[PDB]
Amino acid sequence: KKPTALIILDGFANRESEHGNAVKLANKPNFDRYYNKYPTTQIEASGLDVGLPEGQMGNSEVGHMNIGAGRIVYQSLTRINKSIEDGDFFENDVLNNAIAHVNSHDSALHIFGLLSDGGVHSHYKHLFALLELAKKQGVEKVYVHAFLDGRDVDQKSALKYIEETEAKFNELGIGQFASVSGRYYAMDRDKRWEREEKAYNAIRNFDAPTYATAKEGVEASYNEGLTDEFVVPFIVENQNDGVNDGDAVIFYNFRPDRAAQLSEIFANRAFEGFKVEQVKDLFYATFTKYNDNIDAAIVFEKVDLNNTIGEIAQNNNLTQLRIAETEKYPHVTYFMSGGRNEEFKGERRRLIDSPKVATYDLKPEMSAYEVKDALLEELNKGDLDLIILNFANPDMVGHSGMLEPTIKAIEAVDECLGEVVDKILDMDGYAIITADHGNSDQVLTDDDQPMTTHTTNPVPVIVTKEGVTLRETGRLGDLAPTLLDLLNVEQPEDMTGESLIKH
């Protein structure tokens, strides 16, 4: 068996400036020799090319999903944005049923969510689209329960989103703020139920302070030293008639982890965090499915990915190995397989333990040498068709925002890379050396401060096949089609990416 390997250098991208660029400052002779001998291009790993909004840096989860799927895998924000822009949203069955529920019970429509443009948990423009829909179907009025951010956005920005939303209410002729809670309260994820109860009591017009306007209560918080995230939940005077039997709730958050708890309070009949009298005939709609214990109608259902690279390999009777250290093991397993834990037939996996340190600058080599030795051990068995390998280090050490450790990390990876790839080449196989998004290409601001984040830069691709030229650009969703090309395996239609290899 001639092996073909995808070797993912996590958080390793192409950036022109050398300043604070560990990728360019590192001595990486093995990478450079392959780069100088073999065909090379660069592909996009951020924004719309990976199913994220324009301007948004790529990441490990999204990047490994796109890589394994061989297509653009649209994430929640973009999917909902596109649904709005193209009209589907306003036809959505769950949203129109929530409105039929209100109209048929003469009851009230409530809207919960994180009122910012952070884009991690929500996007407040989706609130405006719901208000437009409610107005269109004649709802009359809509109680909006605002959860303030200050964490995925500037710590004191709530007043701008509140102002703009107040103008929407006037413009569209519908809706009002009913309650206002910092996300510390409404969006806990550590089962601190006393924080949640305060949000719940405001939303319900039970126990809470009241202010005449959303602005007033936020400004009162500011004057006390409590910024957006920490606003103590409050009620907006005369604008909150409670959540009563017959009502409907739409929760526009799309990220499960911080929306689940509040949703359990309203809509898990088994909820025991604190004692409640649940609303009867409550229509409870969540933008996504937050967990299995919430009785909700799901506005945007999870889409399963058929014919990821691993499934195609299976269906061609090929064997495959997924391998990485702990820190990127879910990436090369679960995410690579399209969000599936189960092994395919023919699949085996190798987990190497990551060191137990708070920040990986303390051991820049991490477990890269043990990953390399496990891999050499597997390739010496001679029974692998496909290998999916990730070297975690450039991303994990780069997050430290420290240049010398990040350089050392890349240099350790380079030494391992040369042993892995030379072995693949002795076995008459092929490697694609690339990345899932950038990070280590920039670990310093232009003013020499630590920079601890991913980048939007395009990622390198080297394909260790002679006599071929690569296409000039492309995206992560093109990698799996390139592996299939190298394996001489037919690409199915639902893999819409294109081989980077020119024919």
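Residue positions are given as counts along the sequence shown, with the first one as 1.
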Q. Is the mean CA B factor in the deposited entry higher across 182 to 190 or across 389 to 397?
A. 182 to 190
Q: Give the stretch, out of 375 to 383 and 214 to 222, with the larger mean C-alpha temperature factor in the deposited entry.
A: 375 to 383
(Q) Just the C-alpha B-factor column, please: which of 277, 365, 229, 347 has the biggest number? (A) 277
Q. Which listed residue, 73, 413, 115, 98, has the largest C-alpha temperature factor in the record?
A. 98
Q: Please place residue 296 in the lowest, middle or highest third of its chain by C-alpha B factor as given in the entry.
A: highest
**Q.** Lowest, middle or highest third - CA B-factor, residue 328
**A.** lowest
Q: Sorting the chain's modelled residues by C-alpha B-factor, tell me whether residue 140 ends up in the lowest, middle or highest third.
A: highest
Q: Tell me, lowest, middle or highest third: where does the Cα B factor of residue 310 rank within its chain?
A: lowest
Q. Can you tell me which third, lowest, middle or highest, the CA B-factor of residue 10 falls into for its chain?
A. lowest
